[PDB]
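So the chains spell out like this:
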Amino acid sequence: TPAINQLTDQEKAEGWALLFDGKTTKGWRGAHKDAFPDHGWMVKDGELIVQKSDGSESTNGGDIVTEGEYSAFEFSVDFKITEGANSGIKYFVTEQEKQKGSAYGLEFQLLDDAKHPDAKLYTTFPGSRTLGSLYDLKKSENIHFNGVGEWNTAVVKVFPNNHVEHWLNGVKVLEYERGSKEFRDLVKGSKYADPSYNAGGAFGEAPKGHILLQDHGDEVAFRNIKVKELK
């Protein structure tokens, strides 16, 4: 096993870039903020951890985004969730919208399906809010989840081709073509059909955007955060 939070000399050769160094928040800032949040996130034992909300301001730091923007890429992150936890990896995150609400974009849902009350919900498509799914748009299949308290690896691949793939623990769990006719019909059947998500451009269709890790008030830990930009 290689050390956590470092590229394998092979990954470096393949064009991977390490996004989290295991010790600092360099490369990250808060969504709609000039810097990393003051409260709500811990860097401890090579883990980037969202602090559980106690209801107060000091336990709620908000989503964090990569300082850079990506168009064609392969993004990987190891994550460990607590019981009934909810988080998410979002991509094509533009902050080109009112600071109000949250930073939005396409999402690889991270959830404890057995416990969270959002697991069984959906605007139109059954299972579209479960782990690995494209949130509220398309349900994931072939999910081999290691369990609450265990490490898993989530990958998002967006090709130059606009073909998108979600992987969980080495298995491909979902596949779609971004901006397709079919994709836009998924958008109209989701909560992202609301005009608030489509001002400044069609939802999820930005040429490039930030990659975001979500703070939904539950404790989730991240490590081995890396990205390979595709040419």
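About the thresholds
Residues numbered from 1 in each chain as written, not as in the entry; some residues may be left out. Heavy atoms only, no water. Residues with missing side-chain atoms left out of burial classes, pairs and counts. Helix = DSSP H or I, 4+ residues; strand = E, 2+ residues; numbered from the N terminus. Rg over C-alpha atoms; globule rule 2.2 N^0.38 Å. Contact = heavy atoms within 4.5 Å. Salt bridge = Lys/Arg side-chain N within 4 Å of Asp/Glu carboxyl O. Buried < 20%, exposed > 50% of the residue type's maximum accessible area, 1.4 Å probe, protein only. Pairing = 2+ DSSP bridges. Core = buried A, V, L, I, M, F, W, Y, C linked by side-chain atoms within 4.5 Å. Axes fitted to C-alpha atoms, helices over the stretch in contact; angles between N-to-C directions.

Per the deposited record, the coordinates in this entry were obtained by X-ray crystallography to a resolution of 2.360 Å.

Taking the PDB entry as the reference, the protein chain is identified by name as putative glycosyl hydrolase belonging to Parabacteroides distasonis ATCC 8503. Listed as the entry title in the PDB record is "Crystal structure of putative glycosyl hydrolase, was Domain of Unknown Function (DUF1080) (YP_001302580.1) from Parabacteroides distasonis ATCC 8503 at 2.36 A resolution".

**Looking at the overall build of the protein chain**
Per the secondary structure count, the protein chain includes two helices and 13 strands. Radius of gyration (C-alpha) of the protein chain: 16 Å, near the 17 Å computed for a compact globule of 231 residues. Each of the three principal axes of the protein chain carries a C-alpha extent, and together these read 45 × 45 × 35 Å. Long-range contacts, defined here as pairs at least 24 residues apart, represent 65% of the contacts in the protein chain between residues at least 6 apart.

**Regarding unusual backbone geometry**
Phi is positive for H32, close to 60°, though the residue is something other than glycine. Position of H32 relative to the elements: it lies in the loop between β2 (28-30) and β3 (41-44).

**Some words on the pattern of salt bridges**
Evaluation of the coordinates by the stated rule reveals 12 salt bridges. A salt bridge links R223 to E47; the nearest nitrogen and oxygen atoms lie 3.6 Å apart. Of the two residues, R223 is situated in strand β13 (residues 220-229) and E47 in strand β4 (residues 47-50); the sequence distance between them amounts to 176 residues. Judged on exposure class, the residue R223 and its partner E47 are both buried. What emerges from the salt-bridge pattern is a single network uniting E47, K80 and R223.

**A look at the pairing of strand β12 (residues 210-213)**
Burial of β12 is two-sided: the residues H210 and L212 facing one way and the residues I211 and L213 facing the other way are all buried. In terms of strand pairing, strand β5 (residues 64-66) meets β12 through two bridges, oriented antiparallel. Its bridge partner being in β12, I64 is matched across the sheet by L213. Both strand β7 (residues 86-93) and β12 contribute to a ladder of three bridges, which runs antiparallel. Counted as the bridge partner of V93 is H210 from β12.

**A word on the nonpolar core**
Grouped together as the largest cluster of nonpolar side chains are 46 residues, with contacts concentrated most on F73, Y91, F222 and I225. If you tally residues by element for this core, the top one is strand β6 (residues 73-81), at five residues. In this view, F73 contacts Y91, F92, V156, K157, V158, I211, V227, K228, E229 and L230; residues no more than four positions away in its chain are not counted. Listed in part, the five residues of the second largest apolar core include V65, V93, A103 and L212.

**A closer look at the sheet that holds β7**
Strand order in the open sheet made by the five strands is β2-β5-β12-β7-β8, with antiparallel pairing throughout. If you trace the sheet from one side to the other, it starts and ends with β2 and β8 (106-111), each paired once. Shown here is a sheet whose adjacent strand axes are inclined to one another by a mean of 25°, direction ignored. Here β2 runs beside β5; their pairing, made up of three bridges, is antiparallel. Residue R29 lies in a different strand from β5, and its bridge partner there is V65.

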